[PDB]
């Protein structure tokens, strides 16, 4: 569903987001497509920021750090299950996460 990209920076960020989504192995039992979710999250970030510079990388990094948060597994699970859509997650504030 997310558009493809041929931008190497965007591709790496999609892969990094997919990897963060694998935290704790929850994605397997849930049956989530972690690569597709990663692409949808990245797409929403790129659509809002519209470049791959500092603000873009910061946003990607903050989504990743929260997905990897051992203290907040329900955040990741909500994204994996689709309770939180990827475009919402892309723009969620730290407070909201």
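Residue numbers count along the first chain shown, from 1.
When the two stretches 26-34 and 60-68 are set side by side, the higher mean Cα temperature factor goes to 26-34. Comparing 49-57 with 35-43, the higher mean C-alpha B-factor in the PDB entry belongs to 49-57.
When the modelled residues of the chain are ordered by their C-alpha B factor, residue 88 lands in the highest third. In the deposited entry, the Cα temperature factor of residue 5 sits in the bottom third of values across the chain's modelled residues. Looking at the C-alpha B-factors along this chain, the one for residue 81 belongs to the highest third.
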